[PDB]
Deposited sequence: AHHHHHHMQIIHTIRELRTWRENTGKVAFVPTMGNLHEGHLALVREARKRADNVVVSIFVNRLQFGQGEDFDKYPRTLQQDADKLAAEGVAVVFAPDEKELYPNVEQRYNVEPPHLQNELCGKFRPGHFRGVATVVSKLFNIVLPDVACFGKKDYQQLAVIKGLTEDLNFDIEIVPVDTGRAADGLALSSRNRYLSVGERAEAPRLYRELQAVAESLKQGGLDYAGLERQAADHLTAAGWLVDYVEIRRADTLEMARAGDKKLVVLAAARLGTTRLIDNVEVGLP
């Protein structure tokens, strides 16, 4: 049944003489939001590879992770150590995103999306998948991966998966475990404020900047420390232009020291 491959060589040996492969890269500490990716992967290929890797370029629960994936019919858990993927100290050749890497979440995480684009390219060249699933909660990550896939001619179908949420709307994330009881009760307001922006856009709203500030002002007045609220073009995160019909609203804000992100496509 399920197999745990730790080397590039063993992964490739398994993958040759296998048909269609759907691939889900993760960093472990798996939760229900990740399984939405795995379940969608299994609906697009019989053989699903889930990688678990923590990337020094961008909380180990290995046994509990693999049991959850086993019950979802995953074929291979690829969990290499750091030296397997980075045999030298440095990563000399990096996949360099455009200026997007310094916007939104990238502004306070320099080097982060470069590290995501590089490790995902490495994983792509290791697993050689036909389909790869990524969650929409990390929308900017998704744009970067779609972009590198196109620009580097990776023959891989990128499948966005919808954000799994709690009953009150909060996007599922391992970050949510940091919230105190008080902050967790307040955390659903992020998605509430994004939805009301999407409704204003649905009801013919034209002032992008006005809507972003209002949501930001509501969060700040309720105790949040807002990093950004931004309306951008869906999928690509290109600048929103007046008259665009495929939009997305994104925000990042801190309750205490925990930074939460969410988004709504309008």
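Participant: Would you list the gaps, meaning deposited-sequence stretches without C-alpha coordinates, in the order they occur?
Facilitator: Residues lacking C-alpha coordinates: 1-6, 65-74, 283-285.
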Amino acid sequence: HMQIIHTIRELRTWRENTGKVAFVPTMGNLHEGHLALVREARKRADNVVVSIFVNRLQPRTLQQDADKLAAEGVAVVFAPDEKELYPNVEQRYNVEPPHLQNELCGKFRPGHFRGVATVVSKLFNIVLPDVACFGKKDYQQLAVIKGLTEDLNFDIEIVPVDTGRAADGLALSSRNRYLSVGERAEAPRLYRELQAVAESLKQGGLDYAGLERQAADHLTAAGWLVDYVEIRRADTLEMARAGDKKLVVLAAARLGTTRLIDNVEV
From here on, numbers count along this sequence of modelled residues.
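Participant: Between 210-218 and 62-70, which has the higher average C-alpha B-factor in the PDB entry?
Facilitator: Stretch with the higher mean C-alpha B-factor: 62-70.
Participant: In the PDB record, does 230-238 or 34-42 carry the higher mean Cα temperature factor?
Facilitator: In the deposited entry, the stretch with the higher C-alpha B-factor mean is 34-42.
Participant: Between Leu190, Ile156, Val89, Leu85, which carries the biggest CA temperature factor in the record?
Facilitator: Comparing C-alpha B-factors across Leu190, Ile156, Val89, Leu85, the top value belongs to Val89.
Participant: Thinking about Cα B factors across the chain, which third does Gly182 belong to?
Facilitator: Answer is highest: the recorded C-alpha B-factor places it there.
Participant: Pull the Cα B-factor of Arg12 out of the PDB entry and bin it into the chain's lowest, middle or highest third.
Facilitator: As the PDB entry reports it, the C-alpha B-factor of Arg12 lands in the middle third of its chain.
Participant: Against its chain's modelled residues, does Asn102's Cα B factor rank lowest, middle or highest third?
Facilitator: CA B-factor rank for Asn102: lowest third.
Participant: Lowest, middle or highest third: which one holds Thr118 when the chain's residues are ordered by CA B-factor from the entry?
Facilitator: For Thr118, the deposited C-alpha B-factor lands in the lowest third.
Participant: How does the C-alpha B factor of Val131 compare with the rest of the chain: lowest, middle or highest third?
Facilitator: Middle third, going by the recorded CA B-factors of the chain.
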